[PDB]
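# Descriptive analysis of the structure
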Amino acid sequence: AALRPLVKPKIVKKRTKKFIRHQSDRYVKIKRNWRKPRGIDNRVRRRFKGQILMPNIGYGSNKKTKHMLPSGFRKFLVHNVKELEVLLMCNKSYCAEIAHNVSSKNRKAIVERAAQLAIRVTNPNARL
Amino acid sequence: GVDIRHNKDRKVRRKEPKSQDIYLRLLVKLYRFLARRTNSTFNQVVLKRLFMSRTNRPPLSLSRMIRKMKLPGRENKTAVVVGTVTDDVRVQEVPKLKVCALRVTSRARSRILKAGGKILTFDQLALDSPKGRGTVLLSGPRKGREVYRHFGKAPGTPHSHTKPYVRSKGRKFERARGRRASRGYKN
Amino acid sequence: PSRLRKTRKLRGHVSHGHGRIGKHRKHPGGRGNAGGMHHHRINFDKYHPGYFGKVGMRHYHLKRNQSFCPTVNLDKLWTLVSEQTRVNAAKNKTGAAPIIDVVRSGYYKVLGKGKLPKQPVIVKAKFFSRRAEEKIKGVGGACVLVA
Amino acid sequence: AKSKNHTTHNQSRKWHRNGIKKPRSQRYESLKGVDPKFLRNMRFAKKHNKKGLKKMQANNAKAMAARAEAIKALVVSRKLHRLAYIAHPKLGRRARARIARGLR
Amino acid sequence: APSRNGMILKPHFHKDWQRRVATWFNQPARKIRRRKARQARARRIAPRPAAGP
Amino acid sequence: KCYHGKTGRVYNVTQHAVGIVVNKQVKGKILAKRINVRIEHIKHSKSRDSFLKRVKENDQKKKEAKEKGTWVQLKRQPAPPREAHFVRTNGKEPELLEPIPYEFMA
RNA sequence: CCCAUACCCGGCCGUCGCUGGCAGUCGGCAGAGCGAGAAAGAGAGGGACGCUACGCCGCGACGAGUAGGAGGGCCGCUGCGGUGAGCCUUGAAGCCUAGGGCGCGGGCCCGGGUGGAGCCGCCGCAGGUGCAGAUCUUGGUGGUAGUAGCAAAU
RNA sequence: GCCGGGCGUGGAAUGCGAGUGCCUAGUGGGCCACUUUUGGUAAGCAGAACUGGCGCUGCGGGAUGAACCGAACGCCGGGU
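Residues numbered from 1 in each chain as written, not as in the entry; some residues may be left out. Chains lettered and ligands numbered in written order. Part of a larger assembly, values for the part shown. Heavy atoms only, no water.

In the PDB header, cryo-EM is given as the technique by which the entry was determined, and 3.1 Å as its resolution.

This is the structure in C-alpha cells:
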C-alpha cells in the first residue's frame, strides 16, 4: 500500500560496518570518528594483517545506488509546505523528509499535502 | 604488477580557462562546438589560446600586425589575434584592416576605424568565417616581458648575460668583485 | 583569506610541512644576509656577482636636480604635438614647418631612435645627439638650441 | 663520532630518472672560439656578397632554362587477383554489377 | 639564509619599531576637523577671500 | 686523460692543432665541450667511412637498376637464421665421440 | 595435491588518457542516416528520456607510500554582506540514546528523551577555525585504599 | 662562406609521442646482500666499486625475524 519508487534495484554495499579510529576502544578521549594514523611506526598505517581497516576510495558505492535509502528513494529535507512543490515531479525518485525543528502544528499540514502530491514521506508519524 | 612509471601520465595543460569571465566563458562554449564539429584545425588553435593566461597571450602592438600584413601573399585576409591590440604611437600611416581580437584599446580603435578599417569580435568571426578561411592568426611577443631577462643561466657565470635582481642600480650595486677583473675576477 | 592558505591543509600532519629530520628551528643559517664571505659564499657568487667591494668616486653632496636630463626619441617625437599639427603640414604647400618645443613637453635631450616622416620641423630642444641631428637635417628640418 | 666519507651508491640510479639527455644537436652551431684571422676573413666574404648580385641572378636564370631543354628533348594467382578487384570500392563498381543480374 | 636567485634585501627592522607605529585612523576624522575649521575661518572674514592674501 | 679514446668532430683548424667538439659525461649529463689538441694526438676515425662507402653503392644501386625497372634491397638486414639445406655424408660414417676417463695430470 | 593482496576472467569505485562524443530536441515550413577497411557530395541546374555544457555520455589503461608537493571537499567551527514571504513557547540551542538511515571518509539527516529561547540552509566575505600526546596549562576524578598511619617523654 | 638547381626505397633490428621554460619543498646521520675489494687474527668491525634491496612496503614462504626466496597492494566473486 506504499508509494513504490520508479525502479527498486538491488542495493549492494562493499562494506556495512563503520570505520573506527585507531585505539578508539582503549580510550574515551579517542572518539570513534575516523582519523588517518600518521605515526611512523603505526601498524594500521602500514596495512598490517589483522588490523583496523583504512578507508580507501575502493569502497565507493555504486553511483547507480548512491545516497539511496533501503526503500529505493533518496531523501530531501523539507522545512515548509512551499518546499514540497519542488518534488511534485520527482515522485518516483525522491522522497521527502520533514526537518527536525518543524513544529507539530506545521507537520500536520505537510504530510497530507504530501499525500495530495503523492510524495512519499520518511517520517510521517511525527510528534503528532 | 606492471613495470611502468606513473610520473608523467597526467598531462599538464589547460582544459578550461581559470578566468571566471562569463563573456570569455561564453566564447569558449561557442568554440568548443566549432573545434570538435569542424575539421578545421584553426579553431583548435583558437580554442587552445582562449584558455591561456594573460602572460601567455601578450598584447599585439598595432605596428607589429602592420608589419606582418604587408607581407606579399596577404592584404585580403583577416587579422585574428587572441590577445589584445594596443596602439603603437611610432607609426604614422595606417592601412585599412580587418581585425579580430579579444579586446582593442580605445586609441587603437579610433586609429584603426579612422583608416576605414574594420574591427571584429570572435562571435562575429565565426559568423563571417566559421572554419577560419582567409584569416591570419597572429600573436604578440611572448617573451617580451621584463621577467625573461632574469631567466636562463645564472649571472656570475661565463657568458651568461642575465639581468640580476638589484634593489637599485648604481655604481655601488653589483659593480664590484664578480664583475671587475681588478676586483678578484670576472666572467 | 586564511581559508585558502596552506596551513588549513597541514592540520593533522605532524611536522606541518617542515620535515621530521630537519625540523623547523629558529635560524639554521644565521640572521639576515649573513655568511657572505663564508658558508653562503656560493649563493652570492652565483646570483649576486659584484656584491662585495668598492668601485668609483665617492660623490658627496649629490643633488639629483643638477643631473636631470629626460631624453626623448625621434620615434615618438610627433606625439608631443597634436594630430592636427601633423596633418596641416603635409597639406601645407608653402613649406611651412611646425616647431616642436620639446622642453615644453618635459624632455630635454633628443636622441634619434628611429625613422621620421619626411616633413620638416624645427625642434626647440636643449640637447641633441649626433645621429638625432642627422635625421632631422636629412628630413629637411632644423635643430635650434634653447636654454 | 666518525661518519661515512664518500659513496657513489644511489647516484647512477638518480641520474637515469630524468634520463641522461644527450646534448641538444642543432644545425648551424655557434662560431665561437674559431681562430680570429680565419673568421675575420669570413666576415669579409659575407660583407661583399652583394657585389655579385647581378651575376648570380643572371647565372642561374640562364642555367634555369638550360635544364628546360634536356627535358624538352625528351618530354599469388589470378583467382585471388580477380576477387581482390571485385572487393575494391573506388574501382570495382563496374565489376560487381555483373553479379547484380545474377539474382535476376 | 638566502634561497636560490632572489634579491638581497635590507629591511630596517633591527630596531624596536613596534613602539612607534603611527597608524592613520585619524585621517578620515582629521579631514573633517580641517574642513570644519576652514569654513569657520571663511565665516569670520566673510567678505575677504578664502585663500587669503 | 678523459678524452683518450673519445671521438669527436673538428670545428677549428690552426697551424699545429685542431679544435674538437667531444662529448664528456659528467655525473648524469653530457657536455659538448671544445678542446684544442695538436695533430700528434689525432687520427682520422674510420668509424664513419664504411657508412660513406655504403652511401656510394646506395647511390649507385639506386641510379643503376632503375632503368631495369627492378627494386633491389638497400637497407642492411641483420644476420637471418640460415635456410634449410642438405648435408651430404658420402661414404664415411660420422665418428663416434666419447668422454675420456680421468688422468690426474700433476 | 595445497594457497599470495601475484596472473587470467567478471563486477564495482576512483584517477589518468582518448586534449573522446553530444547544441541534431533540425516534426503535416515534418520525412527519423552519417560503424563507413580504402584523399572527398544522402548538394543544386500524432512522436519516451535528455543538455545544473562548471552538464551528460562512451571507451581503454592504471591504483603501494614516510619526508614533501598539489588538487577536491554538498567536511566541520565562529562572525559579516546577501538570500531562503526559512524554522521556532503546538518548544530553538545544548545534552543523552540498545532507535531508523546515508556518505569510501571528514561527517550528516531523521525517531525518542531532556531542556526552556533563540537557530539554520544556500551564494559570497573574514579568521584567535578542527587535538591524544608537548615531564603541555587550568579544573576535576580514580587505582593504590578503608591501606600506610593516628608508637618520644612510666 | 654564399646562392641556384637536381635526387626520398626515410637507407640496421626493437620499442616508445616528444621538446622546453619557470617556481620549488624535503634531503644532505643511512643501512644490508651476491660479486670485486683495502686495513684487521677476526668481528653483527672499519672503508670502497657495481647492481638490487631496506629505509618509504604491506603480502605468500623461511616456526620466530627491517634486508633472505617469491611477489609489490583500489573493493570483491570464480579459476590458476
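From this point, things continue past the structure.
On to the overall build of chain B, then. Looking only at helices and strands, one finds five helices and five strands in chain B. Its C-alpha atoms give chain B a radius of gyration of 23 Å, more than 25% over the compact-globule value 16 Å for 187 residues. Each principal axis of the C-alpha atoms in chain B carries an extent, and together these give about 70 × 65 × 35 Å. Burial statistics for chain B: of 187 residues in total, 35% are counted as buried. Of the contacts made within chain B by residues no fewer than 6 positions apart, 46% connect residues no fewer than 24 positions apart. Surface summary for chain B: the accessible area is close to 12800 Å², and the carbon and sulfur share equals 50%. (Helix = DSSP H or I, 4+ residues; strand = E, 2+ residues; numbered from the N terminus. Rg over C-alpha atoms; globule rule 2.2 N^0.38 Å. Buried < 20%, exposed > 50% of the residue type's maximum accessible area, 1.4 Å probe, protein only. Contact = heavy atoms within 4.5 Å. Areas by Shrake-Rupley, 256 points an atom, 1.4 Å probe, with all protein chains shown as cover.)

Another aspect to go through is the interface of chain C and chain B. Every contact between the two is made by 20 residues of chain C and, on the other side, 18 residues of chain B. Summed over both partners, the interface of chain C with chain B comes to about 1700 Å²; 52% of that surface belongs to carbon and sulfur atoms. At the junction of chain C and chain B, the tally comes to one salt bridge. Between B:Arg177 and C:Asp45 there is a salt bridge; the shortest N-O distance is 2.7 Å. (Buried area = accessible area lost by both parts, 1.4 Å probe. Salt bridge = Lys/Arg side-chain N within 4 Å of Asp/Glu carboxyl O.)

In the region of RNA strand H, 45 residues are neighbours, and A:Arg47, C:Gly22, D:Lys21, F:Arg54 and F:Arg76 sit closest. Sugar plus phosphate, as a fraction of atoms of RNA strand H within 4 Å of the protein: 82%. Within the side chain of A:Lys14, an N or O atom sits 3.2 Å from a base nitrogen of RNA strand H. The separation between a phosphate oxygen of RNA strand H and a polar main-chain atom of B:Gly152 is 3.3 Å. (Near = heavy atom within 4 Å. Polar contact = N/O pair within 3.5 Å; in protein donor to acceptor, adjacent residues only side chain to side chain.)

Residue and element names in this part refer to chain B. Among the secondary structure elements, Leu-125 is positioned in helix α5 (residues 122–128). Take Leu-125: its relative accessible area is 3%, and that puts it in the buried class. Separated by 77 residues in the primary sequence, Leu-125 and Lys-48 place their C-alpha atoms 17 Å from one another. Excluding residues that lie within four positions of it along the chain, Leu-125 makes contacts with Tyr-31, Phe-42, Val-80, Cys-100, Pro-130 and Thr-135.

Let's shift gears to the pattern of salt bridges. Evaluation of the coordinates by the stated rule reveals ten salt bridges over all chains. Residue A:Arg113 pairs with A:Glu85 through a salt bridge whose shortest N-O separation is 3.3 Å. Taken as a pair, A:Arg113 in helix α1 (residues 104–116) and A:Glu85 in the loop between β1 (77–78) and β2 (97–98) lie far apart in primary sequence, 28 residues in all. On the accessibility criterion, A:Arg113 (32% relative accessible area) is partly exposed. Of the charged contacts in the structure, one is a salt bridge between B:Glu16 and B:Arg25, with a shortest N-O distance of 2.5 Å. For B:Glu16, a relative accessible area of 37% gives the class partly exposed. One salt-bridge network, in which partners are shared between bridges, spans D:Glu29, F:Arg9 and F:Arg34.

Attention now moves to the nonpolar core. What tends to happen in soluble globular proteins is that the nonpolar side chains get buried as a cluster. All names here are of chain B. Core analysis: the biggest nonpolar cluster contains 18 residues, and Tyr-31, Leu-50, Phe-122 and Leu-125 have the highest contact counts within it. Within the residue set of this core, elements represented by two or more residues are α1 (22–37), α2 (41–51), β2 (78–86) and α5. The element that contributes the greatest number of residues to this core is α1, accounting for six residues. (Core = buried A, V, L, I, M, F, W, Y, C linked by side-chain atoms within 4.5 Å.)

This part is about the protein's contact with RNA strand G. For RNA strand G, the set of nearby residues contains 77 residues, the closest of which are A:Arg35, A:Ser61, B:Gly1, B:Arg13 and C:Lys6. Each atom of RNA strand G within 4 Å of the protein was assigned to sugar, phosphate or base; sugar and phosphate come to 72%. The separation between a phosphate oxygen of RNA strand G and a polar side-chain atom of A:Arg47 is 2.9 Å. Separating a phosphate oxygen of RNA strand G from a side-chain N or O atom of A:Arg107 is a distance of 2.7 Å.

Our next topic: the pairing of strand β2 (residues 17–25) of chain F. All names here are of chain F. For strand β1 (residues 9–13) and β2, the ladder comprises four bridges, and the chain directions are antiparallel. Looking at β2, one finds that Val-13 is bridged to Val-18. Hairpin remark: β1 followed by β2, antiparallel, with three residues in the connecting loop. Inspection of the sheet shows β2 paired to strand β3 (residues 30–38) by nine bridges, in the antiparallel sense. Paired with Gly-19 across the two strands is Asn-36, which belongs to β3. (Pairing = 2+ DSSP bridges.)

Enumeration according to the criterion identifies nine aromatic pairs over all chains in this entry. Here B:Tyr31 and B:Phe122 contribute two aromatic rings whose centre-to-centre distance is 6.1 Å and whose plane-to-plane angle is 80°, an arrangement assigned as edge-to-face. Pair noted here: B:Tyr31 is in helix α1 and B:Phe122 is in helix α5, with a separation of 91 residues, a long-range link. Residue B:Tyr31 shares its accessibility class with B:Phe122, and that shared class is buried. Relative to F:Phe104, the ring of F:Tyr102 has its centre 6.5 Å away and its plane inclined at 65°; by these criteria the two rings are edge-to-face. (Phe/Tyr/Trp six-rings, centres within 6.5 Å; stacked < 30°, edge-to-face > 60°.)

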